[PDB]
Amino acid sequence: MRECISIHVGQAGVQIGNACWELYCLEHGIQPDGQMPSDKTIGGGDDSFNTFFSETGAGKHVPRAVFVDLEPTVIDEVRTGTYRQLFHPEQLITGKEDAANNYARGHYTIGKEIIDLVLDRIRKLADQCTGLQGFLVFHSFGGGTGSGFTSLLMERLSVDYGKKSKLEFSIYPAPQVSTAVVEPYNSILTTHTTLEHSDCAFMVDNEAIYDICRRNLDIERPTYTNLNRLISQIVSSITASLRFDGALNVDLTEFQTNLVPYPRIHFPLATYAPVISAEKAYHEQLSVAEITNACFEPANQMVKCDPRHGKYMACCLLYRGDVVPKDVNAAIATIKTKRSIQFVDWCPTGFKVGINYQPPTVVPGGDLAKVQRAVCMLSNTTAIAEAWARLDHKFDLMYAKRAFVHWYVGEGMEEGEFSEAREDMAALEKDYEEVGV
Amino acid sequence: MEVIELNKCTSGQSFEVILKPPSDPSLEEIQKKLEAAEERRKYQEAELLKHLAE
Amino acid sequence: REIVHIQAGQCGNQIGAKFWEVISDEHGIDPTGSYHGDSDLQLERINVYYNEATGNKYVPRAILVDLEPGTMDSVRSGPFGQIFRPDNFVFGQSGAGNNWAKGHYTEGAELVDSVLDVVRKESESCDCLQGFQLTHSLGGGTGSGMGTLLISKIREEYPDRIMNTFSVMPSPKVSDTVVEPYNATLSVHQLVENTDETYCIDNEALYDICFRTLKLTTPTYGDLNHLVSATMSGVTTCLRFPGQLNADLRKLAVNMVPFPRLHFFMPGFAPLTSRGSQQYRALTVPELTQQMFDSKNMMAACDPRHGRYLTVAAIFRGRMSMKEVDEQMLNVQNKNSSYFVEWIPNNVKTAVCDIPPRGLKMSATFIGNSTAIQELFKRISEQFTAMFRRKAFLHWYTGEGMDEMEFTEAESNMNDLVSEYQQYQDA
Amino acid sequence: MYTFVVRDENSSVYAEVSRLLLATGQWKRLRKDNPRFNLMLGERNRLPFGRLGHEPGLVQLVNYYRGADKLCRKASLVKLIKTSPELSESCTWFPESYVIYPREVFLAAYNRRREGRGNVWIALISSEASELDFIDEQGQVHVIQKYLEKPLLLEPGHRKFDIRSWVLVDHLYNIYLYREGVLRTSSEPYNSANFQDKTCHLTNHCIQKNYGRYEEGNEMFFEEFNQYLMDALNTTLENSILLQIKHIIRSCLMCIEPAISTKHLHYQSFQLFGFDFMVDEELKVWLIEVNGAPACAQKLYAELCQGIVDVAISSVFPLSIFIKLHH
Ligand SMILES: Nc1nc2c(ncn2[C@@H]2O[C@H](COP(=O)(O)OP(=O)(O)OP(=O)(O)O)[C@@H](O)[C@H]2O)c(=O)[nH]1
Ligand SMILES: Nc1ncnc2c1ncn2[C@@H]1O[C@H](COP(=O)(O)OP(=O)(O)CP(=O)(O)O)[C@@H](O)[C@H]1O
Ligand SMILES: COc1cc(C(=O)c2c[nH]c(-c3cccc4[nH]ccc34)n2)cc(OC)c1OC
Ligand SMILES: Nc1nc2c(ncn2[C@@H]2O[C@H](COP(=O)(O)OP(=O)(O)O)[C@@H](O)[C@H]2O)c(=O)[nH]1
Ligand SMILES: [Ca+2]
Ligand SMILES: [Mg+2]
Ligand SMILES: [Mg+2]
Ligand SMILES: [Mg+2]
């Protein structure tokens, strides 16, 4: 067993962290006070779930997690929420004033006041680890803290933990639930600074989640809570291999080995099915073939894009529920004849499959119906670069006029960092075209 | 399709299907940059305060 | 995240008192400072504008300033005048006589230190100071001259806080004196450099709305200030009530101001009502969005179709479909493509608040950063130059020590501001 | 009320689509870089398909199918036909072609023809299995294709021609064949001996500037060509030729439908195609090439460009000359 430490930065990172850890507790039978009756080794253990939970002598199972935000509103709700007993107070770190949607404020002005404290609190968790393998970092692209502080933290983690893997769960900005007009700026700035420090990043486009909630959960106006419960199901599906018995994706290094053959192209596309409303009174349970075929519909993807016009470098199928390999293989055989699945010439055309027999867990009172089988596909396809093209174009429109740039220069940033960041994004799009076209 | 490396346990199983074969900065330089941006803030503020003093 | 409110001069204290009346009712605060409210959305962000004194009493974080004692006394005698802290009344005895130089250089300098002591006392109680909000007119002497002197000194002591103003522009349709274009031009010179966001409350537009739209043949200041208080309630709603945006003065400036000097906003409001009027039919969402964007509903006498919107912030108040609001808001952008800049993606933002203002079930408030605001500054520049080319009435100012060069520079800066707004209109 | 953007001003067909939609009064044109449009009339290369379909509250449509280039480029078409079982190497309506790069061991077919004792090909026309030598001298991916040595020759004139068919595919992947085709004639009698001069061998309108002798603009329409086939050959255009043309068009577009369809996509596509056919002496139809950005014929611009508005545009944004090829 090797421990993983989760770090949740900014509002989006914290609130998605709340949803994930709530889901983790329900999946492992951990009560809101941290007690887990099924855990028979009191006060310690090396079980698979101990990758995410340490244990106190009193039998309390505490998340290996740090929450960071530059203002206190969001984390205070964790301090007073249903799972307030779950977290030790030093795991919840707040400042007094946020980055005001400004990467420069979160990265330079304010983040510099709190970075040493956060690393100290992170080091406390690492000292409880017998074999720490790395970090899972949750944050938004568009927020000043989620963008600016995260990139500062990731640089320092490379310094302090040079041989530890770092994975990201990143919220890609969407106008439907946007909070700032400068979110394209923050996204490009943080991607440039973080690119070398992240081994694998799962981007979630709020536009995709918003539309999935509208179309499949019949929610007219999805809230953050609607989005985050869906996101946490996909995150839990992705991390399940670290928390349960299995042979596939058993350590952070395996995510990079299995999904990322080239370091800069480390943004796998997640696709999840089925998403079914709890309110739907009559539902026909979807077969292995149906949920597997749904993995190749852009409407079910975490980012809207067309994988038919890109190339695959790796493909992982993560099933939960009533699924046996024979049916997966039959489903894959049919799907391959009828769909456009092109791998690069230097990679084999193959799927790595993991099956957990437990069907997905749903939060009581939530919007997701209970299903007998579900799947999350992780594919590394060049088609995800469409998201970079969209982001870089919005960046270009504003930066050509230097609109809003003075807010960043005023915090000590230089105009040269904008174009240096933009050149790196330009190189990233070129990398994706060379591999995919 | 070739099914390889099938591993089974009580919790589930995993395998791989093949359809076709193939064909960082130091701490000092971080503090360098955090301090160079801070001095640019202090310079811009000192210029404002010099302007307000005139 | 506390805001410190300052009201200076007759106009500033008049619209300032009305602002505190309106929002105290919205938050369930009675004239004695006691809370008597149904909903707890009324108190979640009450600290933004109110200090909580011992005894569960809320006192406005407000400082009341004038070189003239009379208007101050009328505030104290007002319906909510007893709610203000008595130590926060700072007044002189002279009066500025509609003279910017007296407010800024002579009579005002004597009183400005006393105001800063109250500002400092209020700031030291603040958990985390957002910044400052000033109400004043630009046509007089105290709110204009001393108000901008206050702004400069506050920026000296709080260089990292936001400075927000509600600035009433002079108009000959309401005019109190001939020198108002002088006072306004000198003031705009200060506001361009020393505020982060300024709401342009145009007395020309306020008069035209009362006369043409509300069918008031003889509009009074009470009629004008009725529009001002409705506007001030709307543009501060996202600061006073919990929202998905969690707005504050800094986030507003970051998202509304693409270029530092272009920070003068055109407010808009719907539905437009006169005081005591009957509002029996609620507006529908299509009506709210259409009216709020109508030139007749703008609080600055500028034609929105004579420029382009750089950014727009809109807050809808009441029980309504947020889905329908988004549809109508996205719809008005499509049908008026040419009046929004193409190079700022997602430059029109919408927010919703469940609590409607008093007397209405549905309202909509609009904050626009439009290049058409240059029409306002052009209008004042023309009135300035008509007198200045003959040096008319300058002796009132040179008598207080001012030089004509200072007038030339203020005029030149405002004309530069006009040219800057014009540059992005063609972009 | 709708809005659109024009990013290919050099497009003759969509220059008229621009004017027709503006004259409707219910369509407003924006600047070419305004992304809040309903319909993009996109550029011919590097159209930013990745930026489409991400505008909230806006249904977006584009006049191009992403991935249709696999059908509208000479080298990829030969690839597409040989790699696809629906078409196959045994495909009976495409001339035997090979991709020679500057699969060049194709001579086993050419050198089997000399062992079997006709073997003239095209890239450009010669019989000695070498021009190859002109393909290396040009330095671009070229296609070597069997030359149809026995074409159908119109009388009077002994002339050669090709047939252009305009095909509209809408957002629902309905395949609409424009009922009006055109024959691009040759005015020079076909000389089976001297392939050097290619004005009797290349029916391209430009390659003919004797031009204009038999019919106007070297363009014969379907009514006359039908009358010719009746008077001269005792058959009709529908039976002898158009049945094969409809089969080829449907076969080609059905093959690539899974790769290019926008059925469940966040944006929608339509595209106008130009199929070029040759007719041999037996009245057997051969597919020559597919045009991704086709120009129309002068007389037919008004009717075709209208029909584009009715079926491809106003069907998505509400305000026949087409044969629907059913599948
Ligand atoms: N899916 C999801 N997205 C969120 C959530 N909260 C915020 N976002 C998105 O994140 C972006 C804004 O960044 P935030 O995380 O809210 O800002 P922050 O990290 O706290 O940084 P500052 O507030 O500027 O100091 C917007 O695009 C929001 O749509 C959330 O709970 N779930
Ligand atoms: N295998 C073949 N056999 C006989 N003739 C052929 C032929 N391939 C092409 N041709 C002739 O050459 C001429 C031009 O062929 P091709 O279609 O490749 O050029 P092009 O791309 O300019 C047509 P368009 O202008 O419509 O795009 C045709 O008119 C045809 O008569
Ligand atoms: C929407 O309405 C309001 C917002 C704000 C505000 O702080 C904010 C944050 N982002 C934005 C914003 C502004 C413009 C374009 C944008 N694209 C994405 C965000 C955004 N504006 C403040 C208000 O009143 C004080 C207010 O009411 C009117
Ligand atoms: N809208 C409005 N404008 C006012 C009011 N009182 C004065 N003004 C305007 O303010 C200008 C005069 O400035 P004033 O505030 O009276 O002088 P001060 O006391 O020295 O600041 C003139 O343009 C008036 O039209 C008021 O109550 N409402
Ligand atoms: Ca244990
Ligand atoms: Mg925040
Ligand atoms: Mg007065
Ligand atoms: Mg061609």
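Computation of the quantities below employed the complete heavy-atom set of this structure, encompassing side-chain atoms and omitting hydrogens, waters and symmetry-equivalent molecules. For ligands, and for the atoms within them, numbers begin at 1 and follow the listed sequence. Below, chain A is the first sequence line, B the second, and so on; all start at residue 1.
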Task: Part of A:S178 within contact of ligand 3 (heavy atoms, under 4.0 Å) - done: side chain
Open item on the list: Angle between ring planes, A:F141 versus A:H139, binned at 30° and 60°: parallel, tilted or perpendicular?
Closed with: tilted
Task: Sidechain N-carboxylate O distance under 4.0 Å for A:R229, A:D367 - done: yes
Task: Residue selection (non-hydrogen contact nearest atom 16 (C) of ligand 3) among A:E183, C:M256, C:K349 - done: C:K349
- [ ] With rounding to the nearest 0.5 Å, note down the distance linking CE in C:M299 to CD1 in C:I201.
- [x] 7.5 Å
Task: Test item, A:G106 contacting ligand 1 (heavy atom, 4.0 angstrom) - done: no
Open item on the list: How far is atom 19 (O) of ligand 1 from the closest protein heavy atom, and which atom is that?
Closed with: A:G146 N, 2.9 Å
Task: Heavy-atom side-chain proximity of A:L167 to A:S198 below 4.5 angstrom - done: no
- [ ] Report the nearest protein non-hydrogen atom to atom 6 (N) of ligand 1: residue, atom name, distance rounded to 0.1 Å.
- [x] A:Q11 NE2, 3.4 Å
Task: Shortest reach to atom 8 (C) of ligand 3 by a heavy atom, considering only C:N347, C:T311, C:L245, C:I315 - done: C:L245
- [ ] State which residue, out of C:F265, C:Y309, C:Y199, C:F269, fulfils the ring-ring contact (aromatic ring centres under 6.0 Å, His included) condition with C:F366.
- [x] C:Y309
- [ ] Within a distance under 4.0 Å of any heavy atom of A:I171, pick out the atoms of ligand 1 and give their elements.
- [x] 3 (N)
Task: Side chain to side chain, A:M154 and A:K166, heavy atoms closer than 4.5 Å - done: yes
Open item on the list: For atom 9 (C) of ligand 1, what's the nearest protein heavy-atom neighbour? Residue, atom name and distance, please.
Closed with: A:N206 ND2, 3.8 Å
- [ ] May I ask you to say whether C:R250 pairs ionically with C:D196, meaning some side-chain N is under 4.0 Å from a carboxylate O?
- [x] no
TODO: List every atom of ligand 3 that sits less than 4.0 Å from any heavy atom of C:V312, numbering the atoms from 1 in the order shown and giving each element.
DONE: 14 (C)
Task: Ion pair A:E97/A:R105, N-O distance below 4.0 Å - done: yes
- [ ] Specify side chain, backbone, both or neither for C:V235, according to which of its non-hydrogen atoms lie closer than 4.0 Å to ligand 3.
- [x] backbone
Open item on the list: For atom 11 (C) of ligand 3, what's the nearest protein heavy-atom neighbour? Residue, atom name and distance, please.
Closed with: C:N255 CB, 3.5 Å
TODO: Examine the proximity of ligand 3 to C:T365 and report which part, side chain or backbone, both or neither, has a heavy atom under 4.0 Å away.
DONE: neither
- [ ] For C:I367, counting its heavy atoms only, list the atoms of ligand 3 lying under 4.0 Å from any of them.
- [x] 28 (C)
TODO: Output the list of atoms in ligand 1 that are nearer than 4.0 Å to some heavy atom of A:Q15, sorted by atom number.
DONE: 6 (N), 30 (C), 31 (O)
TODO: Please work out whether any backbone atom (N, CA, C, O) or any side-chain heavy atom from C-beta onward of A:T179 is under 4.0 Å from ligand 3, and answer side chain, backbone, both or neither.
DONE: backbone
TODO: Return yes or no for this condition: an N or O of C:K251 is under 3.5 Å from an N or O of ligand 3.
DONE: no
Open item on the list: Under 6.0 Å from the ring centre and within 45 degrees of the ring axis: does the NZ or CZ of A:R402 meet both conditions for the six-membered ring of A:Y399?
Closed with: yes
- [ ] Just need the protein heavy atom nearest to atom 17 (N) of ligand 3, so name the residue and atom and give the distance.
- [x] C:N346 O, 2.9 Å
TODO: Using a 4.0 Å heavy-atom threshold (strictly under), name the region of C:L249 that reaches ligand 3: side chain, backbone, both or neither.
DONE: neither
Task: Which residue and heavy atom of the protein sit nearest atom 32 (N) of ligand 1, plus the separation - done: A:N228 OD1, 2.5 Å
TODO: Say whether A:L70 and ligand 1 are in contact under the criterion: heavy-atom distance to a ligand atom below 4.0 Å.
DONE: no
Open item on the list: Working to the nearest 0.5 angstrom, can you tell me the gap between C:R1 CZ and C:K251 NZ?
Closed with: 8.5 Å
- [ ] Using a strict cut-off of 4.0 Å, indicate which atoms of ligand 3 neighbour a heavy atom of C:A247.
- [x] 5 (C), 6 (C), 7 (O), 22 (C)
Open item on the list: Heavy-atom distances under 4.0 Å decide this one: backbone, side chain, both or neither, for C:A314 against ligand 3?
Closed with: backbone
- [ ] Please test A:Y408 against A:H107 for ring-ring contact (aromatic ring centres under 6.0 Å, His included), starting from the C-alpha separation and ending with a verdict.
- [x] CA-CA 10 Å; A:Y408 297 73; A:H107 186 94; over 10 Å; no
Task: Worked verdict on C:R317 versus C:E26 for salt bridge (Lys or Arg N to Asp or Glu O under 4.0 Å) - done: CA-CA 12 Å; C:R317 296 187 68 179; C:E26 289 192 5; 2.9 Å; yes
- [ ] Within a distance under 4.0 Å of any heavy atom of A:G10, pick out the atoms of ligand 1 and give their elements.
- [x] 19 (O), 20 (O)
Task: Close-contact set for ligand 3 against C:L239 heavy atoms, below 4.0 Å - done: 25 (C)
Open item on the list: Can you tell me which residue among A:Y103, A:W407, A:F404, A:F418 is in a ring-ring contact (aromatic ring centres under 6.0 Å, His included) with A:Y185?
Closed with: A:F418
Open item on the list: I want to confirm something. Looking only at heavy atoms, which of A:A180, C:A313, A:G142 is nearest to atom 18 (C) of ligand 3?
Closed with: A:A180
TODO: Considering only non-hydrogen protein atoms, determine which one is nearest to atom 27 (O) of ligand 1 and report residue, atom name and distance to 0.1 Å.
DONE: A:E183 OE1, 2.6 Å
